[PDB]
Amino acid sequence: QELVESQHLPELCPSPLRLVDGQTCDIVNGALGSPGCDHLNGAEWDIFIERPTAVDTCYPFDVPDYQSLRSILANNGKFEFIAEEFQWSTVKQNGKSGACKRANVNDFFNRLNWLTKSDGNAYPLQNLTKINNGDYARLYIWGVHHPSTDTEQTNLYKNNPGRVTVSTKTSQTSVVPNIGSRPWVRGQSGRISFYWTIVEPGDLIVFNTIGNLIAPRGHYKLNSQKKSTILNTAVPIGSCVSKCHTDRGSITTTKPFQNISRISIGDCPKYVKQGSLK
Amino acid sequence: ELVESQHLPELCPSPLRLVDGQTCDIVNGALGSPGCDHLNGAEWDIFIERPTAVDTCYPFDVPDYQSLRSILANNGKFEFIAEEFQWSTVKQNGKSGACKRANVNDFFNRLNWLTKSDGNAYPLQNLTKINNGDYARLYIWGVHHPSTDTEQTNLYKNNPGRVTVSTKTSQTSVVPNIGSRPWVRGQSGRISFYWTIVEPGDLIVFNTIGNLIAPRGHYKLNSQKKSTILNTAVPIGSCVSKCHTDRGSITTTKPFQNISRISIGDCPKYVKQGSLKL
Amino acid sequence: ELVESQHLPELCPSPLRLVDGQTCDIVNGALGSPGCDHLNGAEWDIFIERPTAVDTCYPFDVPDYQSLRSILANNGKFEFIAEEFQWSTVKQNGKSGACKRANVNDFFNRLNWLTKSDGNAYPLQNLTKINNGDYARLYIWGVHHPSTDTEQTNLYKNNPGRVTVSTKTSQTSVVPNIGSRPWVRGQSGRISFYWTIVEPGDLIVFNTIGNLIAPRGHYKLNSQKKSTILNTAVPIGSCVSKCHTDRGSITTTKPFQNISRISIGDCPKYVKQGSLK
Amino acid sequence: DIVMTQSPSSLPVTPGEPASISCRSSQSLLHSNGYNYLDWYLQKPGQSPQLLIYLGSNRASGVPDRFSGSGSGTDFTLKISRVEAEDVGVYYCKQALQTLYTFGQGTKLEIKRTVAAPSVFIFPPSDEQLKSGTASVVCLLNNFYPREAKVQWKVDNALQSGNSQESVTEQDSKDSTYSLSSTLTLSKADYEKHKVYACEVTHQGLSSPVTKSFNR
Amino acid sequence: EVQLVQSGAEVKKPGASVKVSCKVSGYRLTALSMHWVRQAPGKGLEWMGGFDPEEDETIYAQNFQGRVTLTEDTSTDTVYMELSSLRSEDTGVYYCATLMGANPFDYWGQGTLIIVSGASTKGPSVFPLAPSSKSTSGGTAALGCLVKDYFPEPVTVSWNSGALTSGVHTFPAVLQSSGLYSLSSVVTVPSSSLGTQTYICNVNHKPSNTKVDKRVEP
Ligand SMILES: *[C@@H]1O[C@H](CO)[C@@H](O[C@@H]2O[C@H](CO)[C@@H](O[C@@H]3O[C@H](CO)[C@@H](O)[C@H](O)[C@@H]3O)[C@H](O)[C@H]2NC(C)=O)[C@H](O)[C@H]1NC(C)=O
Ligand SMILES: *[C@@H]1O[C@H](CO)[C@@H](O[C@@H]2O[C@H](CO)[C@@H](O[C@@H]3O[C@H](CO)[C@@H](O)[C@H](O)[C@@H]3O)[C@H](O)[C@H]2NC(C)=O)[C@H](O)[C@H]1NC(C)=O
Ligand SMILES: *[C@@H]1O[C@H](CO)[C@@H](O[C@@H]2O[C@H](CO)[C@@H](O[C@@H]3O[C@H](CO)[C@@H](O)[C@H](O)[C@@H]3O)[C@H](O)[C@H]2NC(C)=O)[C@H](O)[C@H]1NC(C)=O
Ligand SMILES: *[C@@H]1O[C@H](CO)[C@@H](O[C@@H]2O[C@H](CO)[C@@H](O[C@@H]3O[C@H](CO)[C@@H](O)[C@H](O)[C@@H]3O)[C@H](O)[C@H]2NC(C)=O)[C@H](O)[C@H]1NC(C)=O
Ligand SMILES: *[C@@H]1O[C@H](CO)[C@@H](O[C@@H]2O[C@H](CO)[C@@H](O[C@@H]3O[C@H](CO)[C@@H](O)[C@H](O)[C@@H]3O)[C@H](O)[C@H]2NC(C)=O)[C@H](O)[C@H]1NC(C)=O
Ligand SMILES: *[C@@H]1O[C@H](CO)[C@@H](O[C@@H]2O[C@H](CO)[C@@H](O)[C@H](O)[C@H]2NC(C)=O)[C@H](O)[C@H]1NC(C)=O
């Protein structure tokens, strides 16, 4: 009897594990809410099916410690966004860009708020504090804008240079904008660096900025007991029934081993290198 | 899509318990023809009967063949209960060259071929078996049909013979039909096998003056008869499915299938050819 | 060999100007159905209509559908001219759930759904347009068909209604047919679209007491009409050919071909098949 | 055979209000697939049957979102969020498990109306009809609700049977009334053999039966 | 989409044999299971038989006593339903449909009305319904017309050449045991209009080229 399974299904089984197809959106742009990611709103999954053919559909961004945020989102298992009112003073809100247009209408990340200087040429110190008086942990996603020239920095937020400072009771992250021209991406040379902060129940979070703040419009509910994961595969989702899934397809077998793919999720046999004897 | 059209290239041995008949159909497995020893004591949810199966013993036929085949499969086990039968004077353990096991003339290991004694005596046999147990019994017996009137008297003295099996509410009596029949496995004579179910508290009487293929015991009949039989040449693999067809197993959440009319278990409702979407 | 039997697996976008309708056929593109905005202002020598097209708005039927399809294709462009229509009292910009545009109940962006006012009044609308321009105008208008008598009164007060459009040498009137019909896109009613061509110097009159799917303007009709339509699922490639079939383009010097009857442009004669020259 | 017992039989519902029709079978309609093989049909007035809910709760193609189904085993239910005039007719539930399909009795969906009362009239045969050798006495029930009504004929105060045939109009489009006509066909001989004629009417709106009579 | 077209209406005298057609356009019958359901007028749906994909055999409902005969022509893609030994209760609409329990689709046909009554084309006989004397204390007049003994359907009944439409109730016809239809058509008018207005019902029966009028007087 052969002990190594070598044949996988040509599809991913949506049963019994609850799968969610990110389609054009990876899990990061889904949390940011880039154009075309609105279908993931309120979704819950046991496995997030991320596609390798995913595309960026907004401002050119980069995430310091990208894999950690990607892991926190997938390990949560849901996109439950709670909108909050942030009393930003004087500054302009709802900044939009041509590199992030929905139906040729300049827009932005629907979960973020691009703050800009007022028409009176004023960007005062913004000091906002949110208290987590609930029974769940909050996840705040905020960004820092990096303009191209010293002219752009003053034309958008007046103050030069800017500063972004998000702090809790036991931590503090402070970033200074890195003004400089970068390669052209999606029609613009500027970049936005996104960060995240987790606020436990009973903790506080303080947004303190003098410019370049990509303000959050709320927070995501962090599951009390987080599970689920993510699989970056191009295999389509079929109609089979299996609790084993790989980046090359699902597996329906009783054999204890398999030489298909290391990337296995769920009730899957242990991966072996190659070969099969008895 | 609501019609599943793709089946697996194998029969899943899990979770349903499958038993491979291999060279024996379920009928020779009950009679105990050569090669049918691997089924002794087997239990199955689905008996897999191969079309390539062949007859390996005496040329025989079963009046109402499909009923006995259904009874053997619906029971779901081969639990023989041997019994001592006090046959008087007559010879026992008849063997045939058309039933060679290990190049040795043999017979059905569940049947006993009674022949006349060396003193040319085949007296009347009137044996009675009382079912004083807690389960229904299944007795399988046969009637030999010689080729010529000379063969009839050479084997059983009396011409014509007679086989009469009776219970409290039923009686089946057969007179041998003599006549040279087409050459099958080197023999023109044939055997007609019959069966009789004896309920607990009922009796059975084997009364013969010749041509009786006597049973060596009986099979246990389960109180709950839930198994079935599937005749297919598809091999048994290592997949996991509760749906099986004569073309292979199916793993799907779809509500319909256009693969095969023959389906067993947790299977989608069969539809005619074709398949569209919603 | 005198019979070309091998076609290309794609449609050549050169030299002829091709326009892919994609999810929209040429009719929903003219009506301005959802997802058909990519055709606004497009010009074509051959309109590539996809068989896998889908109705994206209100369920509708068009009498003499093939003729209007030929008129739009033969024209060769979607040049819409918006006109202000002074509808009195009645409600305008009627939207339906069977025509969701980005999860928002919308309607044909070239048509205006007139409804009764909140004061329960549908006055006789008698508007007229004069074609003072030098180009013939193509007006597309519809007639709504409710499912019950209650739906007719709840929408247009007047039971029954009437839709009448007339020019100098024509007058077409329609009476709404009321009846429950098969559920199509979450709707039991239907709309019957009609068209009227107005020559330079001619006039057109829209006269209704109810059930009018009013046009928001008119399409420009080219003086010369030289374009056509091709209904095929073959994708558009990068080859160079002046011959196109529903099975693909053809690049050959042979005088005959046994590939497809449906050929457009500089194409060899479609012979009745053939094994040899 | 599997028996389908739809309830209720008549479902008067106000437009813009919800409704519910329960379909109860006699055997489990749950295949091992977990797919409850039961469908919901709607036969609109003067129309071929059409499908609304398939496979227990899955909404059929093009069906409005207001329709919805639920249930399992031997108990199922069809629901409409906001009933409208487009939803009038009689609904039937099938049975897809056994291919010997057994439909239900059907639930008629009327529009709720004030109870009101039936206006009863009687029309003696014409002298021109009796010239040909036949007498037909027509009884009229005008504008009543609900549809259920009992019409009894009495010749010389003796109850008749088998010699009458009644018909009812559809639900009116404005006041949602029904109208029923009952004609009593007699031969010219038996018509003159008696004189007292009556037509008794029993209805929900009537506290006591109403009788209209004539003597000729 | 699949289109099911049924044959035209059929009228056969009792004891004969009907043969209903059902042509499928849009899908091969070789890949479709066809069924048949009739509905008696004023009643409910009744399953008659059809084809079961499993077991692979046209199953007929035994309640129809084997009178049903289902034959299929795969060349024309047409199903034939033959009901023999026609009785007075076999009148109604007969549908052909690819029911969901057998095929993933669920389409129906327009229906083939089968009238079993034995007769020929006959014009109607109109008799006025005199103003009801039992309308006492009613304050409203009740009058009508009796269209009796005609075949086949339909008849169009107007009042005063279509001028009178308010309070008009044209009752559906009934099929008498003789094989002829009969309906009543009544109108409600003010009682004072009894001696001031003349009412006349206009009955039209196209199958017999009959257009008779009738005066309704006290
Ligand atoms: C920004 O807004 C926050 C929230 O209102 C405030 O920060 C806090 O400011 C107080 C002084 O006003 C700091 O001292 C604290 O005072 C409280 C009240 O007397 C006292 O209970 C504490 O023990 C402490 O002494 C406090 O540290 C500070 N909290 C921070 C910075 O997290 C204030 O309105 C603004 N703060 C700044 C730095 O702009
Ligand atoms: C994963 O494991 C499978 C088997 O579980 C490997 O399949 C291999 O497939 C090749 C096909 O060319 C087999 O080659 C054959 O070898 C026999 C040896 O006697 C020879 O007689 C035949 O002519 C043919 O060359 C190979 O045996 C088979 N390996 C087994 C059965 O262990 C597969 O290569 C493994 N790796 C991957 C990446 O799939
Ligand atoms: C073969 O052996 C069996 C078992 O010994 C015989 O069965 C029994 O035969 C006796 C004698 O014929 C039966 O007795 C009879 O009982 C009935 C009442 O039931 C009575 O009316 C008769 O006068 C007689 O006494 C006995 O019932 C029967 N066993 C059963 C369970 O019925 C059988 O007869 C033997 N056959 C031959 C051919 O020897
Ligand atoms: C059972 O259902 C399946 C699924 O609908 C049916 O499959 C159909 O198979 C035909 C085979 O000719 C497909 O047509 C062509 O297939 C080729 C494959 O190379 C493809 O390149 C063409 O574009 C075209 O699709 C067909 O697409 C496929 N599906 C449908 C909906 O027809 C199968 O035929 C059914 N079995 C029976 C016995 O009816
Ligand atoms: C809808 O509005 C249009 C606006 O042009 C009306 O069309 C034209 O209206 C004028 C009004 O003076 C009509 O002129 C009249 O013509 C008759 C016959 O020649 C003449 O005897 C009068 O003295 C007066 O000059 C003109 O005929 C008419 N053109 C048409 C009807 O084609 C139209 O009448 C309006 N329709 C409604 C229903 O309101
Ligand atoms: C068009 O003509 C060509 C040329 O004869 C045909 O091609 C033949 O097709 C058959 C069928 O597969 C092959 O066996 C031959 O080898 C092909 N070549 C020749 C020279 O016969 C083609 O079939 C024709 N097409 C049609 C639709 O009739």
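Every read-out reported here was derived from the displayed coordinates using simple, explicitly stated rules and does not represent laboratory data. Neighbour counts are summed over all protein chains in view; Cβ atoms, including those assigned to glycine, are modelled from backbone coordinates with ideal geometry.
Values for this structure:
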{"read-out": "For C:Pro200, net neighbour charge (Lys/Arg +1, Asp/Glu -1) across residues whose Cβ lies under 13 Å away", "value": "+1"}
{"read-out": "Among beta bridges that DSSP assigns inside chain E, antiparallel share in %, nearest 5", "value": "95"}
{"read-out": "Straight-distance crosslink candidates among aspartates and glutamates, where the alpha carbon sits under 15 Å from B:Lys168 and sequence neighbours closer than 8 are dropped", "value": "B:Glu199, B:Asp202"}
{"read-out": "Over the protein assembly as shown: Kirkwood hydrodynamic radius from C-alpha pairwise inverse distances, Å", "value": "39.5"}
{"read-out": "Estimated inter-spin distance, D:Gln165 and A:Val55, nm [label 7 Å along Cα→Cβ]", "value": "7.1"}
{"read-out": "Model label zone, A:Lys270; criterion: amide N under 13 Å from point 7 Å along Cα-to-beta-carbon; scope segment A:1-29", "value": "A:4"}
{"read-out": "Residues whose placed amide H lies under 5 Å from that of D:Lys212, excluding near-sequence neighbours", "value": "D:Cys199"}
{"read-out": "Charge dipole magnitude, Cβ of K and R +1, D and E -1 - the protein assembly as shown, Cα centre, debye nearest 20", "value": "460"}
{"read-out": "Rounded to whole Hz, the Karplus (6.51, -1.76, 1.60) HN-Hα couplings of segment B:58-75, x for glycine and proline", "value": "5, x, 9, 9, 10, x, 6, 5, 5, 5, 5, 4, 6, 5, 5, 6, 5, 5"}
{"read-out": "Cα-only radius of gyration and Dmax that characterise chain C, units Å", "value": "21.8, 77"}
{"read-out": "Global geometry of chain E, whether rounded, prolate or oblate, following the gyration tensor of its Cα atoms and the 1.5 cut on a/c", "value": "prolate"}
{"read-out": "Under Karplus coefficients 6.51, -1.76 and 1.60, residue-wise ³J(HN,Hα) of segment D:126-134 in Hz, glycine/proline x", "value": "7, 5, 6, 6, 5, 5, 8, x, 8"}
{"read-out": "Loop-resident sites, segment C:55-100, for trypsin sites (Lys or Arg not before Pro), counting at most 16 other Cβ within 10 Å (DSSP)", "value": "C:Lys95"}
{"read-out": "Close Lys-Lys pairs in segment A:8-164, where close means Cα under 19 Å and separation is 8 or more or interchain", "value": "5"}
{"read-out": "Nearest-0.05 FRET efficiency for C:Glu199 and D:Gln98, computed from C-beta distance (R0 45 Å)", "value": "0.10"}
{"read-out": "Long-range HN-HN contacts of B:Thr115 with modeled amide H, under 5 Å", "value": "B:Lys91, B:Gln92"}
{"read-out": "Backbone HN-Hα couplings from phi across segment A:21-32 [Karplus 6.51/-1.76/1.60, Hz, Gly and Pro as x]", "value": "8, x, 6, 6, 10, 6, 6, 6, 5, x, 5, 5"}
{"read-out": "Segment B:1-82 shape via C-alpha gyration tensor axes, a/c threshold 1.5", "value": "prolate"}
{"read-out": "Largest-first ellipsoid semi-axes for segment D:7-158, taking √(5λ) over the Cα gyration tensor eigenvalues, angstrom", "value": "42, 19, 14"}
{"read-out": "Label-point separation, D:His194 to B:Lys220 (7 Å along Cα→Cβ), nm", "value": "7.9"}
{"read-out": "Long-range HN-HN contacts of E:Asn202 with modeled amide H, under 5 Å", "value": "E:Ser158, E:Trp159, E:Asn160, E:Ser161"}
{"read-out": "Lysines whose Cα lies under 30 Å from that of A:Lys273, excluding same-chain neighbours fewer than 8 positions away", "value": "A:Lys227, A:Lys243, A:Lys255"}
{"read-out": "log10 of Debye I(q)/I(0), alpha-carbon scatterers only, for segment E:62-187 at 0.10 Å⁻¹", "value": "-0.56"}
{"read-out": "Estimated [θ] at 222 nm from DSSP helical runs (n ≥ 4, -39500 (n - 2.57)) normalised by residues in the protein assembly as shown, nearest 500", "value": "-1500 deg cm²/dmol"}
{"read-out": "Ranking of C:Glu84, E:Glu217, B:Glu4 by count of other Cβ atoms within 10 Å, fewest first", "value": "C:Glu84, E:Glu217, B:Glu4"}
{"read-out": "Rounded if a/c under 1.5, otherwise prolate or oblate - segment A:97-145, Cα gyration tensor axes", "value": "oblate"}
{"read-out": "Cβ-derived FRET efficiency at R0 45 Å, C:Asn103 paired with D:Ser173, nearest 0.05", "value": "0.80"}
{"read-out": "Total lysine pairs under 16 Å (Cα atoms) in chain E, excluding pairs fewer than 8 apart on one chain", "value": "8"}
{"read-out": "Computed over chain E: relative contact order in percent, which uses C-alpha pairs under 8 Å that are six or more apart", "value": "18"}
{"read-out": "FRET efficiency, 1/(1 + (r/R0)^6) with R0 60 Å, evaluated for D:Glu17 and D:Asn157 via beta carbons", "value": "0.85"}
{"read-out": "Separation in nanometres of the label points that stand 7 Å from Cα toward Cβ, at B:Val175 and A:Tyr66", "value": "9.5"}
{"read-out": "Coordinate range along principal axes, alpha carbons of segment C:45-161, Å, largest first", "value": "49, 40, 28"}
{"read-out": "Where N is the number of residues in segment C:118-277, Cα Rg divided by 2.2 N^0.38 Å", "value": "1.56"}
